[PDB]
>>> print(open('run_16.pdb').read())   # PDB, C-alpha atoms (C1' of nucleotides)
ATOM      1  CA  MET A   1      -3.735  37.675  64.638
ATOM      2  CA  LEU A   2      -0.132  38.850  64.175
ATOM      3  CA  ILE A   3       0.684  40.825  61.006
ATOM      4  CA  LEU A   4       3.928  41.476  59.126
ATOM      5  CA  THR A   5       4.800  43.294  55.887
ATOM      6  CA  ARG A   6       7.528  42.273  53.417
ATOM      7  CA  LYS A   7       8.579  42.411  49.757
ATOM      8  CA  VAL A   8       8.734  39.672  47.120
ATOM      9  CA  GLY A   9      11.866  37.574  47.722
ATOM     10  CA  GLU A  10      11.832  37.890  51.556
ATOM     11  CA  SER A  11      10.958  35.526  54.445
ATOM     12  CA  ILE A  12       9.194  35.133  57.825
ATOM     13  CA  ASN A  13       9.545  32.611  60.689
ATOM     14  CA  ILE A  14       7.401  30.374  62.924
ATOM     15  CA  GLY A  15       8.411  28.280  65.950
ATOM     16  CA  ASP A  16      11.956  26.869  65.804
ATOM     17  CA  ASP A  17      11.325  24.468  62.884
ATOM     18  CA  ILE A  18       9.432  26.505  60.245
ATOM     19  CA  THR A  19      10.126  29.387  57.848
ATOM     20  CA  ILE A  20       7.909  31.114  55.257
ATOM     21  CA  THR A  21       8.783  32.946  52.029
ATOM     22  CA  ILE A  22       7.032  35.243  49.530
ATOM     23  CA  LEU A  23       8.431  33.956  46.221
ATOM     24  CA  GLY A  24       6.431  36.662  44.385
ATOM     25  CA  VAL A  25       3.038  37.793  43.024
ATOM     26  CA  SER A  26       1.090  37.205  39.774
ATOM     27  CA  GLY A  27      -1.332  40.142  39.639
ATOM     28  CA  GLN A  28      -3.459  39.800  42.784
ATOM     29  CA  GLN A  29      -2.388  36.189  43.285
ATOM     30  CA  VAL A  30       0.580  35.551  45.586
ATOM     31  CA  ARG A  31       3.242  32.824  45.347
ATOM     32  CA  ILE A  32       4.178  31.642  48.850
ATOM     33  CA  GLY A  33       6.666  29.007  50.013
ATOM     34  CA  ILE A  34       7.135  27.085  53.257
ATOM     35  CA  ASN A  35      10.201  25.477  54.808
ATOM     36  CA  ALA A  36       9.470  22.892  57.495
ATOM     37  CA  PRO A  37      10.438  19.305  58.374
ATOM     38  CA  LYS A  38       8.110  16.471  57.299
ATOM     39  CA  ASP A  39       7.522  16.471  61.073
ATOM     40  CA  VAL A  40       4.665  18.940  60.402
ATOM     41  CA  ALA A  41       1.797  19.353  57.943
ATOM     42  CA  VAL A  42       1.537  22.305  55.529
ATOM     43  CA  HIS A  43      -1.239  22.662  52.936
ATOM     44  CA  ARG A  44      -3.790  25.031  51.393
ATOM     45  CA  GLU A  45      -7.286  25.060  52.920
ATOM     46  CA  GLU A  46      -8.534  22.733  50.170
ATOM     47  CA  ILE A  47      -6.180  19.894  51.222
ATOM     48  CA  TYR A  48      -6.269  20.796  54.922
ATOM     49  CA  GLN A  49      -9.958  19.823  55.161
ATOM     50  CA  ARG A  50      -9.025  16.172  54.466
ATOM     51  CA  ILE A  51      -6.554  16.227  57.384
ATOM     52  CA  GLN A  52      -9.154  17.464  59.881
ATOM     53  CA  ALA A  53     -11.541  14.789  58.549
ATOM     54  CA  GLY A  54     -10.384  12.275  61.205
ATOM     55  CA  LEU A  55      -6.593  11.888  61.037
ATOM     56  CA  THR A  56      -4.701  14.998  62.193
ATOM     57  CA  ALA A  57      -2.368  12.427  63.836
ATOM     58  CA  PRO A  58      -1.468   9.956  61.020
ATOM     59  CA  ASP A  59      -0.160   6.383  61.366
TER      60      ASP A  59
ATOM     61  CA  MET B   1      10.393  24.078  50.169
ATOM     62  CA  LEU B   2       6.655  23.366  49.897
ATOM     63  CA  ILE B   3       4.856  25.948  47.771
ATOM     64  CA  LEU B   4       1.293  27.182  47.399
ATOM     65  CA  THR B   5      -0.493  29.987  45.547
ATOM     66  CA  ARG B   6      -3.303  32.201  46.832
ATOM     67  CA  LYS B   7      -4.916  35.602  46.276
ATOM     68  CA  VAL B   8      -5.562  38.534  48.585
ATOM     69  CA  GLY B   9      -8.037  37.362  51.229
ATOM     70  CA  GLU B  10      -7.291  33.597  50.983
ATOM     71  CA  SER B  11      -5.520  31.463  53.630
ATOM     72  CA  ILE B  12      -3.062  28.588  54.266
ATOM     73  CA  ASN B  13      -2.574  26.115  57.160
ATOM     74  CA  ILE B  14       0.339  24.722  59.211
ATOM     75  CA  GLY B  15       0.329  21.930  61.817
ATOM     76  CA  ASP B  16      -2.778  21.819  64.027
ATOM     77  CA  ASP B  17      -2.148  25.126  65.857
ATOM     78  CA  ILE B  18      -1.325  27.644  63.073
ATOM     79  CA  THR B  19      -3.053  29.342  60.132
ATOM     80  CA  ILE B  20      -1.830  32.028  57.694
ATOM     81  CA  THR B  21      -3.710  34.645  55.646
ATOM     82  CA  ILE B  22      -2.683  36.970  52.799
ATOM     83  CA  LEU B  23      -4.477  40.123  53.988
ATOM     84  CA  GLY B  24      -3.476  41.844  50.734
ATOM     85  CA  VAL B  25      -0.667  43.695  48.944
ATOM     86  CA  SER B  26       0.592  47.302  48.910
ATOM     87  CA  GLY B  27       2.607  47.469  45.691
ATOM     88  CA  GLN B  28       5.369  44.884  45.235
ATOM     89  CA  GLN B  29       5.279  44.601  49.032
ATOM     90  CA  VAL B  30       2.831  42.157  50.647
ATOM     91  CA  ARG B  31       0.986  42.039  53.980
ATOM     92  CA  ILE B  32       0.338  38.744  55.722
ATOM     93  CA  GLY B  33      -1.355  37.731  58.978
ATOM     94  CA  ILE B  34      -0.670  34.807  61.294
ATOM     95  CA  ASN B  35      -2.946  32.961  63.699
ATOM     96  CA  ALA B  36      -1.134  30.913  66.337
ATOM     97  CA  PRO B  37      -1.148  30.364  70.116
ATOM     98  CA  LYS B  38       1.388  32.155  72.351
ATOM     99  CA  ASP B  39       2.635  28.569  72.774
ATOM    100  CA  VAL B  40       4.694  29.334  69.630
ATOM    101  CA  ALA B  41       6.673  32.307  68.310
ATOM    102  CA  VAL B  42       6.282  34.199  65.020
ATOM    103  CA  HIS B  43       8.400  37.048  63.614
ATOM    104  CA  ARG B  44       9.945  38.364  60.397
ATOM    105  CA  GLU B  45      13.595  37.386  59.810
ATOM    106  CA  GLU B  46      14.760  40.809  61.030
ATOM    107  CA  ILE B  47      13.378  40.132  64.553
ATOM    108  CA  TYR B  48      13.915  36.360  64.463
ATOM    109  CA  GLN B  49      17.684  36.790  64.047
ATOM    110  CA  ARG B  50      17.937  38.416  67.518
ATOM    111  CA  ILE B  51      16.150  35.423  69.062
ATOM    112  CA  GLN B  52      18.505  32.817  67.559
ATOM    113  CA  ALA B  53      21.463  35.060  68.503
ATOM    114  CA  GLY B  54      22.166  32.827  71.541
ATOM    115  CA  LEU B  55      19.114  32.829  73.838
ATOM    116  CA  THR B  56      15.808  31.824  72.170
ATOM    117  CA  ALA B  57      14.157  33.460  75.211
ATOM    118  CA  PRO B  58      13.241  37.120  75.952
ATOM    119  CA  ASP B  59      14.376  39.103  78.999
TER     120      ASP B  59
ATOM    121  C1'   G C   1     -14.241  52.372  47.740
ATOM    122  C1'   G C   2     -10.367  49.893  44.830
ATOM    123  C1'   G C   3      -5.604  49.629  42.394
ATOM    124  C1'   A C   4      -0.363  51.004  41.835
ATOM    125  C1'   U C   5       4.171  52.344  44.953
ATOM    126  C1'   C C   6       7.461  53.254  49.200
ATOM    127  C1'   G C   7       8.508  53.248  54.415
ATOM    128  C1'   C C   8       7.929  52.035  60.038
ATOM    129  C1'   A C   9       6.932  47.837  63.132
ATOM    130  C1'   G C  10       3.843  43.375  66.502
ATOM    131  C1'   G C  11       0.106  38.611  68.991
ATOM    132  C1'   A C  12      -3.125  43.869  66.205
ATOM    133  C1'   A C  13      -6.723  41.274  59.502
ATOM    134  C1'   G C  14      -1.084  46.707  62.795
ATOM    135  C1'   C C  15       0.734  52.123  61.584
ATOM    136  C1'   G C  16       2.709  56.233  58.238
ATOM    137  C1'   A C  17       3.608  58.464  53.297
ATOM    138  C1'   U C  18       3.435  59.015  47.574
ATOM    139  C1'   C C  19       0.560  58.151  42.809
ATOM    140  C1'   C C  20      -4.191  57.105  39.866
ATOM    141  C1'   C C  21      -9.526  56.302  38.953
TER     142        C C  21
ATOM    143  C1'   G D   1      11.568  40.607  27.655
ATOM    144  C1'   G D   2       8.110  43.230  31.021
ATOM    145  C1'   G D   3       3.218  44.391  32.994
ATOM    146  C1'   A D   4      -1.921  42.993  34.005
ATOM    147  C1'   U D   5      -5.273  38.700  35.383
ATOM    148  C1'   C D   6      -6.647  33.830  36.500
ATOM    149  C1'   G D   7      -6.667  28.345  37.145
ATOM    150  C1'   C D   8      -4.315  23.645  38.712
ATOM    151  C1'   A D   9      -1.377  21.792  42.422
ATOM    152  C1'   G D  10       2.738  19.757  46.288
ATOM    153  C1'   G D  11       7.605  18.840  50.598
ATOM    154  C1'   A D  12       9.405  21.549  44.556
ATOM    155  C1'   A D  13      11.863  29.082  45.404
ATOM    156  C1'   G D  14       6.240  23.953  41.442
ATOM    157  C1'   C D  15       3.016  23.926  36.702
ATOM    158  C1'   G D  16      -0.702  25.752  33.178
ATOM    159  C1'   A D  17      -3.929  29.514  30.756
ATOM    160  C1'   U D  18      -6.067  34.532  29.279
ATOM    161  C1'   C D  19      -5.054  39.911  28.149
ATOM    162  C1'   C D  20      -1.622  44.193  26.617
ATOM    163  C1'   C D  21       3.050  46.474  24.875
TER     164        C D  21
END
>>> encode(input="run_16.pdb", output="structure tokens")
Amino acid sequence: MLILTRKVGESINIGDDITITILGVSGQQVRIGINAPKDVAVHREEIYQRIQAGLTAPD
Amino acid sequence: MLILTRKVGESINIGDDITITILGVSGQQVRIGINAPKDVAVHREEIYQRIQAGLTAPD
RNA sequence: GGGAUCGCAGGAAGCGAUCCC
RNA sequence: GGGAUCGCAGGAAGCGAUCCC
């Protein structure tokens, strides 16, 4: 694991094609944004489980 | 931007080599963890801006 | 043990400080 | 207008609901 600490309205980076943002919080919930090409997949765990179901390399 | 909402302790996914986790908050600041191979780089914008400065490779 | 709130930084679910129960 | 607290959900700095002043 690699950890970082920021404030609402700031960003973080991954690779050379992705960026991440903390749009804010809503109590103990957290609003998070992602900025990547359609060249990559980005989803919450609940959608991600359909991608690992047999198609992590779509048509 | 692609956006998702979570709570402290939940997680998010990217590609087939990265995962993200909201470890919790510390006021209006937030603390996040990342889970990727050394085959890719991850940093906050303040470090990332030295990498894109004209090198994209350490010493 | 948990919350609020601020700061310093890596491959570590990091590290420090303030406030409240 | 602000705070607390939660649900749904997508390529959008998205959407909804509960509680308090």
>>> residues_around(input="run_16.pdb", residues="residue C:15", least_positions_apart="4", cutoff="12 Å", atoms="all atoms listed in the file", output="PDB file with C-alpha atoms (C1' of nucleotides), in the coordinates of the input")
ATOM      1  CA  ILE A   3       0.684  40.825  61.006  1.00  0.00           C
ATOM      2  CA  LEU A   4       3.928  41.476  59.126  1.00  0.00           C
ATOM      3  CA  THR A   5       4.800  43.294  55.887  1.00  0.00           C
TER       4      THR A   5
ATOM      5  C1'   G C   7       8.508  53.248  54.415  1.00  0.00           C
ATOM      6  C1'   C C   8       7.929  52.035  60.038  1.00  0.00           C
ATOM      7  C1'   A C   9       6.932  47.837  63.132  1.00  0.00           C
ATOM      8  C1'   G C  10       3.843  43.375  66.502  1.00  0.00           C
TER       9        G C  10
END
>>> closest_residue(input="run_16.pdb", among="A:55, A:22, A:42, A:30", to="residue B:9", atoms="all atoms listed in the file")
A:30
>>> residues_around(input="run_16.pdb", residues="residue B:40", least_positions_apart="6", cutoff="10 Å", atoms="only C-alpha atoms (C1' of nucleotides)", output="number ranges by chain")
A: 14-16; B: 17-18
>>> calpha_fit_and_write(input="run_16.pdb", fixed="chain A", moving="chain B", output="PDB file with C-alpha atoms, in the coordinates of the input")
ATOM      1  CA  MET B   1      -3.842  37.710  64.363  1.00  0.00           C
ATOM      2  CA  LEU B   2      -0.216  38.884  64.198  1.00  0.00           C
ATOM      3  CA  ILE B   3       0.541  40.747  60.976  1.00  0.00           C
ATOM      4  CA  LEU B   4       3.640  41.574  58.960  1.00  0.00           C
ATOM      5  CA  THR B   5       4.413  43.125  55.571  1.00  0.00           C
ATOM      6  CA  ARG B   6       7.026  42.010  53.045  1.00  0.00           C
ATOM      7  CA  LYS B   7       7.844  42.162  49.332  1.00  0.00           C
ATOM      8  CA  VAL B   8       8.514  39.474  46.749  1.00  0.00           C
ATOM      9  CA  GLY B   9      11.719  37.697  47.777  1.00  0.00           C
ATOM     10  CA  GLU B  10      11.597  38.565  51.522  1.00  0.00           C
ATOM     11  CA  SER B  11      10.915  36.117  54.392  1.00  0.00           C
ATOM     12  CA  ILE B  12       9.218  35.605  57.794  1.00  0.00           C
ATOM     13  CA  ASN B  13       9.879  33.254  60.754  1.00  0.00           C
ATOM     14  CA  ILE B  14       7.835  30.987  63.059  1.00  0.00           C
ATOM     15  CA  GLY B  15       8.957  29.080  66.172  1.00  0.00           C
ATOM     16  CA  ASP B  16      12.477  27.626  65.972  1.00  0.00           C
ATOM     17  CA  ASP B  17      11.748  25.056  63.224  1.00  0.00           C
ATOM     18  CA  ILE B  18       9.854  27.025  60.521  1.00  0.00           C
ATOM     19  CA  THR B  19      10.499  29.836  58.032  1.00  0.00           C
ATOM     20  CA  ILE B  20       8.278  31.357  55.310  1.00  0.00           C
ATOM     21  CA  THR B  21       9.126  33.154  52.050  1.00  0.00           C
ATOM     22  CA  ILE B  22       7.055  35.181  49.566  1.00  0.00           C
ATOM     23  CA  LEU B  23       8.512  33.753  46.339  1.00  0.00           C
ATOM     24  CA  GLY B  24       6.472  36.301  44.365  1.00  0.00           C
ATOM     25  CA  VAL B  25       3.037  37.051  42.895  1.00  0.00           C
ATOM     26  CA  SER B  26       1.204  36.073  39.688  1.00  0.00           C
ATOM     27  CA  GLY B  27      -1.528  38.704  39.434  1.00  0.00           C
ATOM     28  CA  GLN B  28      -3.829  39.114  42.443  1.00  0.00           C
ATOM     29  CA  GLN B  29      -2.775  35.560  43.318  1.00  0.00           C
ATOM     30  CA  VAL B  30       0.375  35.027  45.408  1.00  0.00           C
ATOM     31  CA  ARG B  31       2.963  32.242  45.671  1.00  0.00           C
ATOM     32  CA  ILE B  32       4.572  31.397  48.989  1.00  0.00           C
ATOM     33  CA  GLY B  33       7.151  28.841  50.133  1.00  0.00           C
ATOM     34  CA  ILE B  34       7.562  27.097  53.475  1.00  0.00           C
ATOM     35  CA  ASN B  35      10.636  25.648  55.156  1.00  0.00           C
ATOM     36  CA  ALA B  36       9.898  23.182  57.951  1.00  0.00           C
ATOM     37  CA  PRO B  37      10.921  19.685  59.096  1.00  0.00           C
ATOM     38  CA  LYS B  38       8.731  16.655  58.285  1.00  0.00           C
ATOM     39  CA  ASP B  39       8.262  16.744  62.075  1.00  0.00           C
ATOM     40  CA  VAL B  40       5.403  19.169  61.267  1.00  0.00           C
ATOM     41  CA  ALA B  41       2.681  19.406  58.615  1.00  0.00           C
ATOM     42  CA  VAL B  42       1.931  22.237  56.170  1.00  0.00           C
ATOM     43  CA  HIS B  43      -0.923  22.553  53.653  1.00  0.00           C
ATOM     44  CA  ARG B  44      -3.404  25.039  52.192  1.00  0.00           C
ATOM     45  CA  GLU B  45      -6.862  25.057  53.823  1.00  0.00           C
ATOM     46  CA  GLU B  46      -8.270  22.937  50.980  1.00  0.00           C
ATOM     47  CA  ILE B  47      -5.980  19.993  51.911  1.00  0.00           C
ATOM     48  CA  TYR B  48      -5.864  20.756  55.643  1.00  0.00           C
ATOM     49  CA  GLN B  49      -9.638  20.293  55.973  1.00  0.00           C
ATOM     50  CA  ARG B  50      -9.320  16.582  55.032  1.00  0.00           C
ATOM     51  CA  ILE B  51      -6.723  16.096  57.781  1.00  0.00           C
ATOM     52  CA  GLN B  52      -8.886  17.595  60.551  1.00  0.00           C
ATOM     53  CA  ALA B  53     -11.869  15.619  59.184  1.00  0.00           C
ATOM     54  CA  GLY B  54     -11.420  13.036  61.983  1.00  0.00           C
ATOM     55  CA  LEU B  55      -7.950  11.463  61.700  1.00  0.00           C
ATOM     56  CA  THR B  56      -5.024  13.945  61.681  1.00  0.00           C
ATOM     57  CA  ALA B  57      -2.993  11.034  60.249  1.00  0.00           C
ATOM     58  CA  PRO B  58      -2.571   9.748  56.650  1.00  0.00           C
ATOM     59  CA  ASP B  59      -3.259   6.188  55.486  1.00  0.00           C
TER      60      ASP B  59
END
>>> resolve_selection(input="run_16.pdb", expression="the PyMOL selection byres ((chain A) within 7 of (chain B))", output="NGL selection string")
:A and (1-8 or 11-15 or 28-35 or 40-45 or 48)
>>> atom_distance(input="run_16.pdb", atom1="atom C1' of residue D:20", atom2="atom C1' of residue D:4")
7.5 Å
